[PDB]
Amino acid sequence: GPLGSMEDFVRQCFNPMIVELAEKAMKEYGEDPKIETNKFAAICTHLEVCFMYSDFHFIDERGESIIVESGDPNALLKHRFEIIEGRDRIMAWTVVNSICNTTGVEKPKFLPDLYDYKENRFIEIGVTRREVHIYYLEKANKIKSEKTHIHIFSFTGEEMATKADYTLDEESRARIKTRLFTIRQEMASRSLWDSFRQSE
Ligand SMILES: O=c1[nH]c(-c2ccc(-c3nnn[nH]3)cc2)ncc1O
Ligand SMILES: [Mn+2]
Ligand SMILES: [Mn+2]
């Protein structure tokens, strides 16, 4: 079929909030979304997975973890996750320092993606177009800090997580995998996938 533009794919297939946050992130690092387009799409995808990982997960009045998918969570519930990704560098470290001084949890050396108030740990989310194990190993080597939990998704449904602890229920992680499958399939119909995959 005809080759589409990755720009078009991104703007048509990700929520505008995600696209804007990705643009802001690339600007901050001196990267042009209109030239590093596979990167733009990868940044959107990862950001979306971070949001999806956190979506609908609360902690109840009794202090326990619950899932609320209706868009009307009662006011006494607290979000289970803090989202660190998507924030500019100053605000991200501000949020991390806050958590670390509050919870007593040690300070990471690089910004992680989420903080889990149930499991009391930072999470690094990975999304890879390669084998999850190789990618798990790469993230781990950069982290070097036994505290941060790593959770890797691929575009083909494989996951790998620290100590085989997957944090979330199967249905939550299936939502993420279904979304990644949808992204891959749509890129493929626009003849964007092979390149996108190979560029990692
Ligand atoms: O885990 C994170 N990953 C990424 C990410 C950034 C760029 C790319 C990329 N660049 N060129 N192609 N892809 C892929 C992932 N950003 C933040 C993360 O926490
Ligand atoms: Mn990150
Ligand atoms: Mn990440």
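Residue 1 is the first one shown; counting continues down the chain.
Per the header: X-ray crystallography, 1.8 Å.
From the backbone N, Cα and C atoms, a Cβ is placed for every residue, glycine too.
What Swiss-Prot records for this protein:
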type	residues	note
BINDING	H46, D113, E124, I125	Mn(2+) 1 binding site
BINDING	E85, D113	Mn(2+) 2 binding site
MOTIF	129-144	motif 'Nuclear localization signal 1 (NLS1)'
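Quick look at what the PDB entry annotates:
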type	residues	note
SEQADV	1-5	expression tag
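Taken residue by residue with DSSP, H46 (Mn(2+) 1 binding site) is part of a helix. Rounded to a whole value, the Cα-Cα separation of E124 (Mn(2+) 1 binding site) and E85 (Mn(2+) 2 binding site) is 10 Å. Close to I125 (Mn(2+) 1 binding site) in the fold, though at least 6 residues off in sequence, lie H46, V49, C50, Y53, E85, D113, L114, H151, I152, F153, each with a CB less than 8 Å from its CB. Close contacts with ligand 2, defined as a Cβ under 6 Å from any of its atoms, occur at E85, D113 among the binding-site residues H46, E85, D113, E124, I125. Break the motif 'Nuclear localization signal 1 (NLS1)' (129-144) down by DSSP state and the numbers are 12 helix, 0 strand, 4 coil.
In the shown protein chains, 21 other C-beta atoms lie within 10 A of the C-beta of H46 (Mn(2+) 1 binding site). Other than the site residues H46, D113, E124, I125, same-chain residues with C-beta atoms no more than 8 angstroms from the centre of those residues' C-beta atoms, the Mn(2+) 1 site, are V49, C50, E85, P112, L114, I123, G126, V127, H151.
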